[PDB]
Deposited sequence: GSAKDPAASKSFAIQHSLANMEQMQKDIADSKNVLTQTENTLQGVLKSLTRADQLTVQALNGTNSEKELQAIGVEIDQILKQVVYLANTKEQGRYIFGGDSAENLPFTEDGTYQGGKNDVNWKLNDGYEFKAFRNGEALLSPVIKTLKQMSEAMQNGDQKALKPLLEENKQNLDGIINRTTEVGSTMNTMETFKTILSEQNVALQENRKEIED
C-alpha cells in the first residue's frame, strides 16, 4: 500500500499546484478581458459621438465627452494586478501610459508558466495596441472642441482600425481563458480518479 501512496501523493501535489496556477492565471486573464471590454465600449461610444459630430457650442460639448472617454481609457490602460501593469510589460516603476498616449512601461512581456509547462503572456507591452487608441482619442477631443470638422473623418477611420485591434486582442484573450478552463476541467476529472 505504501508504494502506491508515494505515487498518488506525488500526483496529488502536482495537481494542487496546477489548480493554484490555473486560479492565479484566470484572475489575471479575467481582469485583462474586462479591461479590454471596457476599452471596446469606450471606443464604440467615441465612434458614435464622432458620427454625431459629422452629422457651434454643441460640437464642443461632444468634444468634452470624448475627453471623459480619453480619461477612462487611460485609466483602463494603466490597470495593475499582482504588482505589474497588464499593458506595461515588465516594469511597474511608472504608469505605463500618459494622457498623451506615450508609453513609459517595460520593454518586454512577462510570461507565467503553469506547473505542467504551459506558458502564456501574463503582462504585456501594450504600446502598439493602446498608444494609438489614446492618441486618436486625444486628437478627436481637440478636433471637436476647436470646431475642426475636416480632421474628424480621418479620425473616425483611425478609431475604427484601433477598435479592431482591441477586438482581436479581446478574442485572443478569450481563447487563452478557454484553454485555462479546459485545463481546470481536465484536472478536476483527474483529481476524482486519484481520490
Query raised in the report: Numbering the deposited sequence from 1, which residue ranges have no coordinates here?
Result: 1 to 6, 62 to 65, 206 to 213
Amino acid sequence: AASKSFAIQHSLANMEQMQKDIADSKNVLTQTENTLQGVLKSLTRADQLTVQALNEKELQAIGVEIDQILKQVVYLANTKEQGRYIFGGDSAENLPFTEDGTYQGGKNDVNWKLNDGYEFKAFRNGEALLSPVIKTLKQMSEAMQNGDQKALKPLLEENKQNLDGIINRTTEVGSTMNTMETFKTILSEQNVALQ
From here on, numbers count along this sequence of modelled residues.
Query raised in the report: According to the deposited model, is the average Cα temperature factor higher in 145 to 153 or in 23 to 31?
Result: 145 to 153
**Report entry** Mean C-alpha B-factor comparison - 64 to 72 and 128 to 136, higher one
**Finding:** 64 to 72
Query raised in the report: Considering only modelled residues of the same chain, in which third does the CA B-factor of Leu36 rank: lowest, middle or highest?
Result: lowest
Query raised in the report: What third of the chain, by the recorded C-alpha B-factor, contains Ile167?
Result: middle
